[PDB]
Amino acid sequence: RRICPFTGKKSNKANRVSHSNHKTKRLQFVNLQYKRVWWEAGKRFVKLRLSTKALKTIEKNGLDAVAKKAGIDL
Amino acid sequence: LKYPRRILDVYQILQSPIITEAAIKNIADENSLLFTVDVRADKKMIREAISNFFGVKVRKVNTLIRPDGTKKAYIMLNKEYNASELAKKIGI
Amino acid sequence: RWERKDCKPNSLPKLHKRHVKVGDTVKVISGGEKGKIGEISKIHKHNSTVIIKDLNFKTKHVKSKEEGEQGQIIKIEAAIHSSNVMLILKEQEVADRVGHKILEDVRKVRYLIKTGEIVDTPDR
Amino acid sequence: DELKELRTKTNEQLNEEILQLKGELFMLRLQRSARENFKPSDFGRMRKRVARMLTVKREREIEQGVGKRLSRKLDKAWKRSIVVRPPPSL
RNA sequence: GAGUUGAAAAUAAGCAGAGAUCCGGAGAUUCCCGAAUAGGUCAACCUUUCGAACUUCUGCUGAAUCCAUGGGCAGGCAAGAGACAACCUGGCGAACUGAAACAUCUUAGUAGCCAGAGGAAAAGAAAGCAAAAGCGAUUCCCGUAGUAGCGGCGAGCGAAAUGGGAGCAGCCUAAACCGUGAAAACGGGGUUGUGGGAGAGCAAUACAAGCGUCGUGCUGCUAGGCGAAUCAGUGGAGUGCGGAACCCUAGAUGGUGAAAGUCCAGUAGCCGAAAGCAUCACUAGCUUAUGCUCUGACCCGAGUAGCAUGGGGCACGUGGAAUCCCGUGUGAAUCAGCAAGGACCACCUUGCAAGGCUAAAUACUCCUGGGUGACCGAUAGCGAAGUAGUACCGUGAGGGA
RNA sequence: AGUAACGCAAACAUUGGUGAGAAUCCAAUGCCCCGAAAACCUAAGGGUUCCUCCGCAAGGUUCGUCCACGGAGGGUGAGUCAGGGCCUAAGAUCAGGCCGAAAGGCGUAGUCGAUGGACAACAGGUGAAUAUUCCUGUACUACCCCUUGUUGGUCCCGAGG
RNA sequence: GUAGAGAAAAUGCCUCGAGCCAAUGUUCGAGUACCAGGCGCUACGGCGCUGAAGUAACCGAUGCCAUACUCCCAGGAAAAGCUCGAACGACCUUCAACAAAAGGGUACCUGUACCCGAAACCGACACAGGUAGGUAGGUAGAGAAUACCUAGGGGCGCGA
Numbered sequence: 072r073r074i075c076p077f078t079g080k081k082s083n084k085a086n087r088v089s090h091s092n093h094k095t096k097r098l099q100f101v102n103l104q105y106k107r108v109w110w111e112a113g114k115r116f117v118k119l120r121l122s123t124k125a126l127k128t129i130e131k132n133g134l135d136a137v138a139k140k141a142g143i144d145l
Numbered sequence: 102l103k104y105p106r107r108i109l110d111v112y113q114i115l116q117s118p119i120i121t122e123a124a125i126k127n128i129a130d131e132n133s134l135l136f137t138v139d140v141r142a143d144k145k146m147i148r149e150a151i152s153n154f155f156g157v158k159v160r161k162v163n164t165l166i167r168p169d170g171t172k173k174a175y176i177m178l179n180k181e182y183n184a185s186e187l188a189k190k191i192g193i
Numbered sequence: 050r051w052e053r054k055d056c057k058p059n060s061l062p063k064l065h066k067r068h069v070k071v072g073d074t075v076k077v078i079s080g081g082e083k084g085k086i087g088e089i090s091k092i093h094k095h096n097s098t099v100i101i102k103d104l105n106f107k108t109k110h111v112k113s114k115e116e117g118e119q120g121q122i123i124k125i126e127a128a129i130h131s132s133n134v135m136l137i138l139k140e141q142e143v144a145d146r147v148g149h150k151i152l153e154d155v156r157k158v159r160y161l162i163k164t165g166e167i168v169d170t171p172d173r
Numbered sequence: 063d064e065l066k067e068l069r070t071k072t073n074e075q076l077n078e079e080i081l082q083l084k085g086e087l088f089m090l091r092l093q094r095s096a097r098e099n100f101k102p103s104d105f106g107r108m109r110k111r112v113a114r115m116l117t118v119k120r121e122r123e124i125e126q127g128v129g130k131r132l133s134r135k136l137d138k139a140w141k142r143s144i145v146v147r148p149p150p151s152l
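If you're matching them up, the sequences are chains Y, V, W and Z in order.
Be aware that the first sequence starts at 72, since it is given in the authors' numbering, and climbs by one per residue.
Be aware that the second sequence starts at 102, since it is given in the authors' numbering, and climbs by one per residue.
Be aware that the third sequence starts at 50, since it is given in the authors' numbering, and climbs by one per residue.
Be aware that the fourth sequence starts at 63, since it is given in the authors' numbering, and climbs by one per residue.
Structure representation (structure tokens):
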């Protein structure tokens, strides 16, 4: 799925209004993204899939907090 | 451990004899006689329910499904045992 | 004839329940041959139909044998409904309505309401 | 007229009595072909007696305590091994 | 409480007052396919060393760095996996249509499909509404109002507050500091708001509530029983008719040759349960919180509110466009604060977010029980008053007498 | 309207039967027609139509004693033939893995899937319906049982084929 | 054989080495059956007993050697059985396997009827349609055409 493990950031249901006001449907989705963050508690990288907001959050709040608040590792 | 091709209870294996004139001819002809077995029977479980219920060693069990679902088993008793005289205690 | 088969609560036919009992000595109440004593012999309890002996006269006909031989006629006595029979005893020769008592023992029996006789009598 | 004896039988006698019941019932079925017609009186009783034996055994199994699944497995380990025996009647 | 071995009649022997048939509470068995489950499979089959995969628990413990791991192996136990009439929540979400055409809009967030769950679900205890006056969690009905308003200001959509009722019910956590710590973590204090909680003192707190242990006793449910009273003549048959009695806490119903309180099963009233299940009450345990006051200024749900930008829904169609949730990026303060009061700014008033739970009134019917019908009664009523989703037709979905 | 028709231009005729009834059933004798078939098997399909005895309401484009129609009984036997218990192609389903509003999509080892590869039976009898199935005679394959020996195994494996 | 360790794969030497390949062939299977023809029964089928000869020349295959061979380009499925052996791998003459008596016994499920160039299968009909494969006789013929016939089956189900 395209759902951030660490926050339920789903895509957004949003219609793209045109200039004549013609509304299509245009599903709109997060920039969750393949990286590999360095889980210190194992001295070792893990490969994740991260909504950038959640990436900022781990850094601000550390990683393991994010972990238990979503219960993800291993 | 050895199990039977299936669990049919053994006793339930044979149901009734066949009293047609043709089966009478076979009794009087080959040392055979006909049984009517339920569908989940074998040549092992029929071959081993006459050598252990009549006290007669059996030679063949030619069994056949029957166009309506039940099964029918010609049994050839070994020549030393003779068909009609055995069927006489059975009532045929 | 499906309109008159025995009625079935889940595999069984309802049995109704009738005051009359086998071996009963009854007077025919109203229908037809009104006022004629009899001994019931056979209760069809699902219809409440009761054949009392020697009363109802049905003149049937029976093909007897396989070559058309014989076939002499039989005269069968057919049903009569249950609400048309009251009880009588020869002593109080009179029709009555049934009832019930619990006598001094545990058991519980008939009791003709208009008289003092007991319908149940002995066990046999 | 009721069978206050099965509850007196232990397991073994109960069991072999089951097998013997099924045998004598095999013979009753066999008689139908040659039409010795006492069966209707006393065919069903035979059939309707093995059931009593089975019911008694299960209750006994129950006080002792075994799951239905376990009992089923136990039955199979017994159904699997059984040799047909001629009926006592000869 | 007698007769019975299902439908229709024998048939064959049986069973029963040394309770048969039968009616209830609890049980036991429940072949094979089907979640289908030992492995495969054209379903109801074949091969089988007899027994899934997912959690969980107990043990063996890959990889690299014998690290630590996860993964694998095994012995475990037995809990999730299917089904649904309609009602409900969520995700995706059309179109014919109305606008006398049609692209904004309307049908409509309807239909349908997928995903869950319940007998109800969802919502819910205030960062609410209000307006110089007051309210006080939610959810429905009335009514304000087809008003205010929105709207190619076209078709059309259309609130709410005050008012009246149905139903009422409030709690548990996150900090702050304390006792642990193989530095995660658990324990206890702490939860309220014109501001509480971390701080300072007793005359030995009790009443109150909830729950549970198993336990006790009525009340009902699942069998049932007793239960009043009449006959004659008429005519194939009487319950009608003419005559003559009676009952009525019982002229409610179904039958009975033709209609009847007095023929039958019954009904009012009354008695009744092993056992199982219900709605309550009580006897003994935990548990209840603000019994009070005062002077400091610690914490008061962090990548969240805001903002920019793209939207969705709000009765409200980007409009002065508030509140309400979302995609991208920046990204505050916390009480000599912050949000709302229809851009925004001041002053005042209300409420205090980013954690969670919770009964009722409420919508529903494939159904069960009780009753009722200015409802049908044989091309009507269920499509179906007999082997009716049957025969038949189609490869199939499906149609269907 | 008792009107068109009665489904090809192989072709019927007789004697004698059965019967209440014969052009229509049976048996002869004759004529005739197919014969790369209008013959005999067999895969598929059908699914009880096969056989025997009664029946003739409806069916048969006539008739009916007759039927593939109704009723009652009966019937199809494999170590070798075909398939499964062996193998795999196209394809299918795919643990884990990856991807995706949900369902689900792609995909590896595995597992199925034969139309294919491994593998062992022929002749003659019998009989209302079965016969490479039953009987007679002679064969073949697989697993045990017995004897002497060597003690060395079977798998995963690497090769021929 | 040996050289880079079993086994092929590659190297070289060499082998009373010159024959190997396959349908037919012979014998037994079958001193047997089988059989035309005889003599009786008979509700005219049926059975009974007997039962002679059972050999050569021709032609010929759209079976067989046969994935012989030649020629081609467009270059023709896989995996098991089956045969050889290394870490001679867990296991070990107690559970093992081979020459082996080719000696004795045993031998699992499912289909089998009937139609099948069809009156019963698919075209709604007992439809002058369609339906894979197998066998393939005589005369004339180049021939599986055609024409007339064996084997076998039928005379087409309204008639005069």
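From the three backbone atoms N, C-alpha and C, an ideal C-beta is built for every residue, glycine too.
Around the Cβ of W:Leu-64, are there at least 16 other Cβ atoms within 10 angstroms (buried) or fewer (exposed)? Along the third sequence, one-based indexing puts residue 64 of chain W at 15. The residue is exposed, with fewer than 16 neighbouring Cβ atoms inside 10 Å.
To the nearest angstrom, how far is it from the Cα of Z:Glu-67 to the Cα of Z:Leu-83? By one-based count along the fourth sequence, residue 67 of chain Z stands at place 5. By one-based count along the fourth sequence, residue 83 of chain Z stands at place 21. So the two alpha carbons sit approximately 15 Å from each other.
If you measure between the beta carbons of Y:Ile-74 and Y:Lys-81, is that distance less than 7 Å? Numbered from its first residue, the first sequence carries residue 74 of chain Y at position 3. Numbered from its first residue, the first sequence carries residue 81 of chain Y at position 10. Yes. Within cutoff.
Using a Cβ cut-off of 7 Å (strictly closer), state whether V:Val-138 contacts chain Z. Counting from one through the second sequence, the residue named residue 138 of chain V turns up at place 37. Not an interface residue.
What is the residue span of the beta strand (DSSP E) that W:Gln-119 lies within? Within the third sequence, numbered from 1, the residue matching residue 119 of chain W stands at position 70. No beta strand (DSSP E) holds W:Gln-119; DSSP gives it neither H nor E.
Interface residues of the region 68 to 89 of chain Z facing chain V [CB-CB below 9 Å]: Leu-81, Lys-84, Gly-85, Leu-87 and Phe-88
Z:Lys-141 touches chain V at which residues, Cβ-Cβ below 8 Å? Reading the fourth sequence from its first residue, position 79 is the one you call residue 141 of chain Z. Per Cβ cutoff of 8 Å: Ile-108 and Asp-110.
Would you mind working out which of V:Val-159, V:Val-111, V:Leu-115 and V:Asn-153 sits nearest V:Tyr-182, comparing C-alpha positions? Within the second sequence, residue 182 of chain V is the residue found at index 81, counting from 1. Cα-wise, what sits closest to V:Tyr-182 is V:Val-159.
Give the interface partners of Z:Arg-91 over in chain V, defined as CB-CB distance under 8 Å, in chain order. Working through the fourth sequence from its first residue, we reach residue 91 of chain Z at position 29. The answer, in chain order, is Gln-116 and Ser-117.
Within chain V, partners of Z:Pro-148 - CB distance below 9 Å: On the fourth sequence, residue 148 of chain Z is found 86 positions in, with the first residue counted as 1. Going along chain V in sequence order, the residues near Z:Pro-148 (Cβ under 9 Å) are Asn-153, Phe-154, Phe-155 and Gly-156.
Let me know if W:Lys-76 comes out buried or exposed under the rule of 16 or more other beta-carbons within 10 Å of its beta-carbon. On the third sequence, position 27 is the one that residue 76 of chain W refers to. Flag for W:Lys-76 reads buried.
So is Z:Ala-113 in contact with chain V if we call contact Cβ pairs under 7 Å? Here the question's residue 113 of chain Z lines up with position 51 in the fourth sequence. Closer than 7 Å: no.
Could you check whether the region 71 to 81 of chain Z touches the region 147 to 160 of chain W, counting it as contact only if at least three pairs of C-beta atoms, one from each stretch, sit closer than 8 Å? no
Would you mind working out which of Y:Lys-139, Y:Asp-135, Y:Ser-91 and Y:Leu-126 sits nearest Y:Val-101, comparing C-alpha positions? Residue mapping note: residue 101 of chain Y aligns to position 30 of the first sequence, counting from 1. When only C-alpha atoms are compared, the closest one is Y:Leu-126.
How do the region 120 to 132 of chain V and the region 112 to 127 of chain Z stand: do at least 3 beta-carbon pairs fall below 8 Å, yes or no? no
Bridge partners of W:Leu-161, per DSSP? What you label residue 161 of chain W is simply residue 112 of the third sequence in a count that begins at 1. None, per the DSSP bridge assignment.
Which residue marks the beginning of the beta strand (DSSP E) containing W:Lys-76, and which one marks its end? Taking the third sequence and counting its residues from 1, the one referred to as residue 76 of chain W is at position 27. 74 to 77 is the span of the beta strand (DSSP E), which, as asked, contains W:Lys-76.
Counting along the chain, where does the alpha helix (DSSP H) carrying Z:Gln-93 start and finish? As a first step, residue 93 of chain Z is located in the fourth sequence; it is residue number 31 there, counting from the start. That run of the alpha helix (DSSP H) goes 73 to 95.
Hey, V:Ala-142 and V:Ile-166: beta-carbon distance below 7 Å or not? For the purposes of this step, residue 142 of chain V is taken as the residue at position 41 of the second sequence. For the purposes of this step, residue 166 of chain V is taken as the residue at position 65 of the second sequence. Taking 7 Å as the Cβ cut-off, V:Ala-142 and V:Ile-166 do not qualify as a contacting pair.
Looking at chain V, is there any beta carbon in it that lies within less than 7 Å of the beta carbon of Z:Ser-133? As a position in the fourth sequence, residue 133 of chain Z is number 71, starting the count at 1. For Z:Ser-133, the answer is no, since every Cβ of chain V falls outside 7 Å of its Cβ.
Should V:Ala-174 be flagged as near chain Z, meaning a C-beta pair shorter than 7 Å? Mapped onto the second sequence, residue 174 of chain V falls at position 73. No, V:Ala-174 lies away from the interface with chain Z (no Cβ there is under 7 Å from its Cβ).
Taking V:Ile-125 as the query, report the chain Z residues whose CB atoms sit under 7 Å from its CB, ordered along the chain. If you number the second sequence from 1, residue 125 of chain V lands on position 24. Going along chain Z, no residue has its Cβ under 7 Å from V:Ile-125, so there is no contact; the nearest lies around 12 Å.
If we ignore side chains and look at the alpha-carbon of each, how far apart do Z:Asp-104 and Z:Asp-63 end up? Counted from its first residue, the fourth sequence places residue 104 of chain Z at position 42. Counted from its first residue, the fourth sequence places residue 63 of chain Z at position 1. Each residue's alpha carbon lies about 15 Å from the other.
Could you check whether the Cβ of V:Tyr-104 sits closer than 7 Å to any Cβ belonging to chain Z? What you label residue 104 of chain V is simply residue 3 of the second sequence in a count that begins at 1. Yes - at least one Cβ of chain Z is within 7 Å of the one on V:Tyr-104.
So V:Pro-118 packs on V:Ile-193, CB below 8 Å; how close in whole Å? Residue 118 of chain V sits at position 17 when you count from the first residue of the second sequence. Residue 193 of chain V sits at position 92 when you count from the first residue of the second sequence. Going by Cβ atoms, the distance from V:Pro-118 to V:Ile-193 rounds to 6 Å, so yes, they are a contact pair.
In the DSSP assignment, what are the bridge partners of W:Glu-88? Indexing the third sequence from 1 puts residue 88 of chain W at position 39. Looking at the DSSP assignment, W:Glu-88 forms a beta bridge with W:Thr-74.
For V:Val-138, is the classification buried or exposed, using 16 other Cβ atoms within 10 angstroms of its Cβ as the cut-off for buried? Taking the second sequence and counting its residues from 1, the one referred to as residue 138 of chain V is at position 37. By the 10 Å Cβ count, V:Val-138 comes out buried.
Quick check on DSSP: helix, strand or coil for Z:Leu-132? Sequence index remark: in the fourth sequence, residue 132 of chain Z carries index 70 (1-based). Z:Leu-132 falls in the helix class under three-state DSSP.
Could you give the residue range of the beta strand (DSSP E) that holds V:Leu-115? Counted from its first residue, the second sequence places residue 115 of chain V at position 14. Run containing V:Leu-115: 115 to 118, per the beta strand (DSSP E) assignment.
Could you pull out every residue in the same chain whose Cβ sits closer than 7 Å to the Cβ of V:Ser-185, ignoring the five residues on either side in sequence? Within the second sequence, numbered from 1, the residue matching residue 185 of chain V stands at position 84. Excluding residues within five positions, the ones whose Cβ falls inside 7 Å are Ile-128 and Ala-129.
Which bits of chain Z does V:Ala-150 rub up against, with CB to CB less than 7 Å? Here residue 150 of chain V refers to the residue found at position 49 of the second sequence. Under the 7 Å cutoff, chain Z gives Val-146.
Flag this pair as yes or no: are the beta carbons of V:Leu-109 and V:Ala-124 separated by less than 7 Å? Indexing the second sequence from 1 puts residue 109 of chain V at position 8. Indexing the second sequence from 1 puts residue 124 of chain V at position 23. In this structure, V:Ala-124 does not lie closer than 7 Å to V:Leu-109 by Cβ.
Out of curiosity, what's the CA-to-CA distance linking Z:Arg-107 and W:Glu-118? In the fourth sequence, counting from the first residue as 1, residue 107 of chain Z sits at position 45. In the third sequence, counting from the first residue as 1, residue 118 of chain W sits at position 69. Between Z:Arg-107 and W:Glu-118, the C-alpha separation is close to 42 Å.
How far does the alpha helix (DSSP H) with Z:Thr-117 in it reach, from first residue to last? Position 55 of the fourth sequence holds residue 117 of chain Z. Here the alpha helix (DSSP H) through Z:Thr-117 covers 106 to 126.
Own chain residues within Cβ distance below 8 Å of W:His-149, not counting five before or after: Counting from one through the third sequence, the residue named residue 149 of chain W turns up at place 100. Only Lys-157, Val-158, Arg-159 and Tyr-160 meet the Cβ criterion.
Opposite V:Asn-163 in the DSSP bridges: which residues? Here the question's residue 163 of chain V lines up with position 62 in the second sequence. Paired residue(s): V:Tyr-175.
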